[PDB]
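Colleague: There's a structure below that I have some questions on.
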Amino acid sequence: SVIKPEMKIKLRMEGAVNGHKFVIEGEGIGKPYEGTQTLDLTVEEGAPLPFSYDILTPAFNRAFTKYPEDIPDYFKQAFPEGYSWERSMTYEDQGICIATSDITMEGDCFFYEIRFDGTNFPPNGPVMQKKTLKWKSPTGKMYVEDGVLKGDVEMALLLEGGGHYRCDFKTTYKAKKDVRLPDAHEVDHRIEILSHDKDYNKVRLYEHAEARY
């Protein structure tokens, strides 16, 4: 109801990481009740990007999560009025990103307005040397405190050579209106770049997500 088996996506991200400003625009489509979605992403400003694209992709909507009927679905309940989120991302090698997304809805399409800022990434390091391969597939924790939904997860970039590169994610969400809050619960997270052009100016990005206890 109002969330259809198919929901289009438009987004705009403005940002800076270690000072290089950039804009990225995206258009995709997904199946909210199956928890899957595909986005096509273009770097409109600041190409060629001088850092790992992988630090961005989790910022590119938990309405695309398969929720059992036994767990209230905060994100689908928030529509058509929407919700926002604020996220901190603290990497092990003392680099840090902060991201915001305001998610609205108009018809068959979700719209995101995303702000992404990162700083103090090591020069030799895996992000500004583009040595990340993919995120691992965590299952993170959702929980409520004092009326706000919180969601956070330890995860990690695989590196060229076999190593791993760790990041603590902490997100706080907000619906525009009051909705039923859930139990503490979980959310998987399979995120992979399916395709990209040479400098990740064009990227096809795909996610599968599902909740449980």
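Just so we're on the same page: first chain in the structure tokens is A, next is B, and so on; residues restart at 1 for each chain, and ligands are numbered from 1 in the order they show up.
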List every residue of region 7-179 of chain A that DSSP, applied to the backbone, labels as strand (DSSP E), and write the result as a PyMOL selection string.

Modeller: chain A and resi 7-17+20-31+36-45+83-91+96-106+109-119+132-135+140-145+148-159+164-175

Colleague: Which of region 65-127 of chain A end up as alpha helix (DSSP H) when DSSP is run on this backbone - answer as JSON, numbers by chain?

Modeller: {"A": [74, 75, 76, 77]}

Colleague: What does the file look like for those residues with C-alpha atoms, as a CSV table (one decimal), in the first residue's frame?

Modeller:
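Below is the file out_16.csv, written as the result:
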```
chain,number,residue,atom,x,y,z
A,74,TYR,CA,9.8,1.1,10.5
A,75,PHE,CA,10.9,2.1,7.0
A,76,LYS,CA,7.9,1.1,5.0
A,77,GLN,CA,5.6,2.6,7.6
```

Colleague: Give me the region 27-143 of chain A side of the contact with region 183-190 of chain A, cut-off 8 Å, one line per residue showing its nearest atom pair and distance in Å at one decimal, counting only C-alpha atoms, sorted by chain and residue number, as CSV.

Modeller:
```
residue,atom,partner,partner_atom,distance
A:65,CA,A:187,CA,7.9
A:71,CA,A:183,CA,6.8
A:72,CA,A:183,CA,7.7
A:136,CA,A:190,CA,7.8
A:137,CA,A:190,CA,5.2
A:138,CA,A:189,CA,5.9
A:139,CA,A:188,CA,4.1
A:140,CA,A:187,CA,5.4
A:141,CA,A:186,CA,4.9
A:142,CA,A:185,CA,5.3
A:143,CA,A:184,CA,4.4
```

Colleague: Check which residues of region 54-171 of chain A sit at most 8 Å from region 192-208 of chain A using only C-alpha atoms, and return one row each with the closest pair of atoms and their distance in Å to one decimal, ordered by chain and rising number, as JSON lines.

Modeller:
```
{"residue": "A:57", "atom": "CA", "partner": "A:205", "partner_atom": "CA", "distance": 7.7}
{"residue": "A:64", "atom": "CA", "partner": "A:208", "partner_atom": "CA", "distance": 7.9}
{"residue": "A:65", "atom": "CA", "partner": "A:208", "partner_atom": "CA", "distance": 7.4}
{"residue": "A:134", "atom": "CA", "partner": "A:192", "partner_atom": "CA", "distance": 6.6}
{"residue": "A:135", "atom": "CA", "partner": "A:192", "partner_atom": "CA", "distance": 7.4}
```

Colleague: Go ahead and save the picked residues with N, CA and C atoms, as a short mmCIF file (atom, residue, chain, number, x, y, z; two decimals), in the first residue's frame.

Modeller:
```cif
data_model
loop_
_atom_site.label_atom_id
_atom_site.label_comp_id
_atom_site.auth_asym_id
_atom_site.auth_seq_id
_atom_site.Cartn_x
_atom_site.Cartn_y
_atom_site.Cartn_z
N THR A 57 29.24 3.33 -1.00
CA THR A 57 28.07 2.63 -1.51
C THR A 57 27.00 2.40 -0.45
N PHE A 64 14.06 -0.97 1.36
CA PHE A 64 14.43 -2.14 0.53
C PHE A 64 15.03 -3.25 1.42
N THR A 65 14.20 -3.73 2.35
CA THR A 65 14.55 -4.79 3.28
C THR A 65 13.36 -5.72 3.39
N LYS A 134 35.69 -5.07 -1.85
CA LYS A 134 34.25 -5.21 -1.63
C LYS A 134 34.05 -5.15 -0.13
N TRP A 135 32.82 -4.88 0.27
CA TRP A 135 32.47 -5.09 1.66
C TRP A 135 32.19 -6.54 1.97
#
```

Colleague: Rank nothing, just name the residue among A:13, A:144, A:29, A:105 nearest to residue 56 (chain A), using only C-alpha atoms.

Modeller: A:13

Colleague: Would you please work out which residue, of A:53, A:33, A:91, A:116, is nearest to residue 155 (chain A) when using only C-alpha atoms?

Modeller: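 Checking each of A:53, A:33, A:91, A:116 against residue 155 (chain A), counting only C-alpha atoms, the winner is A:91.
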
Colleague: Ranking A:88, A:124, A:100, A:171 by minimum distance to residue 12 (chain A) and counting only C-alpha atoms, which one comes first?

Modeller: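 When distances to residue 12 (chain A) are compared using only C-alpha atoms, the smallest one comes from A:100.
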
Colleague: Expressed in Å to a single decimal, how great is the separation between CA of residue 115 (chain A) and CA of residue 54 (chain A)?

Modeller: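 Between CA of residue 115 (chain A) and CA of residue 54 (chain A) the gap works out to 15.9 Å.
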
Colleague: I need the residue nearest residue 90 (chain A) from this list: A:7, A:153, A:175, A:158. Use only C-alpha atoms for the distance.

Modeller: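 Using only C-alpha atoms, the shortest distance to residue 90 (chain A) belongs to A:153.
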
Colleague: Rank A:70, A:160, A:27, A:6 by their smallest atom-to-atom distance to residue 131 (chain A), using only C-alpha atoms, and report the top residue only.

Modeller: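 Under the stated criterion, the closest residue is A:160.
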